[PDB]
Each structure stands twice: as structure tokens, then as C-alpha cells.
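Quick setup: the C-alpha cells below cover two forms of a single protein chain, split into structure 1 and structure 2.
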Structure 1
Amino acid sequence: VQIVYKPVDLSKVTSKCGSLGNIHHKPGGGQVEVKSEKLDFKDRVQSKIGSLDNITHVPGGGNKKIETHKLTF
């Protein structure tokens, strides 16, 4: 068995941006309610229960390059 694995990555990921300018995120307030009696969690549970998510994600360049190489035998 002879294997060779020479992936040649080169990829430029360019993004210039001379300006972004003013931004405004001014919503109003809102309510949340959840009601139950009991529960039970098992084996890799993930659960957000009740939230108010206000975000302002502003990268001056936010290029997400991602990769996943993987071999197996």
C-alpha cells in the first residue's frame, strides 16, 4: 500500500471595505414566558429556555474560512 496526500491550498479570501457608516439597532422591549411542572434531561441535552438576544455583530472583515480534512482506514 502506497498513499500520498499533498493537498495544495492557496485560497485568498480578501474583502476590503473602505467604510461601513452609521448603524442603529434600536428595537423595543418584549416579554417571554414559559410554564410547566417538571422535566428530566439525559444523554447530551442542550436547551435554552427563555432569552432576549440582542446582538450587534460588526466585523470590519469577518470572513469565515473553514476546513475539514479527514482520513480513515
Structure 2
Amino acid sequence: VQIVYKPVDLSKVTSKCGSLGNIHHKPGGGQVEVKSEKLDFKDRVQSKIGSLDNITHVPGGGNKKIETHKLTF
């Protein structure tokens, strides 16, 4: 039995910008209320219970390249 695995990749994820500019993020605070009694979490459970979050993500150049090579017998 013979196996060959030679994937070739040559990619350019380019990102050119002159100038983003004046970005404003002025949220008004709200109100959040959560009421529970019992929590039982197991086996890779990620939770977010009760949140008032503000994020201003302004990256000059945003590029994500994902490659998942796999091989099984």
C-alpha cells in the first residue's frame, strides 16, 4: 500500500486601506435582569448569563486563514 499527501497552497489574503476615519461608539446603558434557581453544567458547556457588554473592534487589516489538514487509517 502507498499513500501520498502533497497539497500545495499559495494564497495572498491582501488588505489595503487608506484611512479608516472617525469611528464613534456611544451606547446608552440599558438594564438586564436574570433570575434562575439551579444550574447544572457538564461536558464542554460555555455559558454567558447576564451581560451588558460593549465592544469596538477596529483592526486595520482583518484576515483569518484557516486550514485543517487531516489523514486517518
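When a residue number appears, read it as a position in the sequence of structure 1, where counting begins at 1. Between two forms, the rigid core is defined as the largest C-alpha subset superposing within 1.5 Å. Shifts are known only where both forms have a C-alpha.
Shown in the overlay between the two structures, fitted on the rigid core, is a CA shift at residue 43 of 2 Å or greater. Core-superposed comparison between the two structures: residue 62 shows a Cα shift of 1.0 Å. Look at residue 25: with the core superposed, its C-alpha moves 0.5 Å between the two structures. Taking the core as reference, just one block of three or more adjacent residues between the two structures has all its Cα positions offset by 2 Å or more: 36-45.
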